[PDB]
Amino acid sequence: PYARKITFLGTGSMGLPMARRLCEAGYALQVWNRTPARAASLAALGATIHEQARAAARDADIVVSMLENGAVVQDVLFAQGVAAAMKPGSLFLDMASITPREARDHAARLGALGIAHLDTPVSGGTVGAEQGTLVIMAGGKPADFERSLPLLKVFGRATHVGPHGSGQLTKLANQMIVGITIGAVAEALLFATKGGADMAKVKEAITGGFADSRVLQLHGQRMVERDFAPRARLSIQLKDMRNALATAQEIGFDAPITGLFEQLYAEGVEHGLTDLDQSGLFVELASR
């Protein structure tokens, strides 16, 4: 009841499958993006592509950013005049990974201009995107979140976590757990293996017990198959660790586990692992 016109800004990692469920739900879609073949794939689904982002945004009820980071988001919104050009009553959904400090800052500026902001990061990777079974962690006002919810349901299950920046904060909690569990799984599988155990059987043995996790089943299988082709790059996980640690020092929180994991990931990017998948941390820990 609040929204029919949707704009994407960027396509991030799962933009395409999300646009297709979007069109399939009968939303009309405008896009501004930087990559021709994705643009074509989107055009094929019915989306209208614009050369300038401001143009894509202007008539939108809901503008969804799938941009990379805080700087890019700032530039697009303000250097490129997206904010200036949005409708009154419209909503801006930030899905980009961005610091909760940045989310609160963007929420203040847009509010200055009569535009609502929620920060709505996702977990769930490629098939949650295709199946509409993402998990979405939202920061902002309850009324805005209800306004959002029908668009949100198309992508997965959304949960309202708190006020502006809360979604990004729940997002960094989720990346800490993913970033550490990755290393826990690489370290235990290597331990078992130096011990003359064979990785596949061990994984098969602990499946369905206390050691079981979405990280063991997804990244662990990639560890078993030495398949480190990037889906989310190792350097993205480093950034998630760094943002979590920057947030920790700002809110006065001591996080030693994540401190160890930032070092280990930092020790991976040097050593030329930037472009392996996040599970590529196995490689760092093998060589040792």
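Residue numbers run from 1 along the displayed sequence.
- Looking at mean Cα B-factors across 69-77 and 209-217, the upper value is held by 69-77.
- Annotation for 14-22 versus 266-274: the higher mean temperature factor (C-alpha) is found in 266-274.
- Ranking 182, 200, 161, 107 by the C-alpha B-factor listed in the PDB entry places 200 at the top.
- The entry lists a Cα temperature factor for residue 174 that places it in the lowest third of the chain's modelled residues.
- Sorting the modelled residues of the chain by their CA temperature factor places residue 56 in the middle third.
- Among all modelled residues in this chain, the alpha-carbon of residue 114 has a temperature factor (C-alpha) in the middle third.
- Placement of the Cα temperature factor of residue 41 within the chain: highest third of the modelled residues, per the deposited record.
- Compared with the other modelled residues of the chain, the Cα B-factor recorded for residue 150 ranks in the lowest third.
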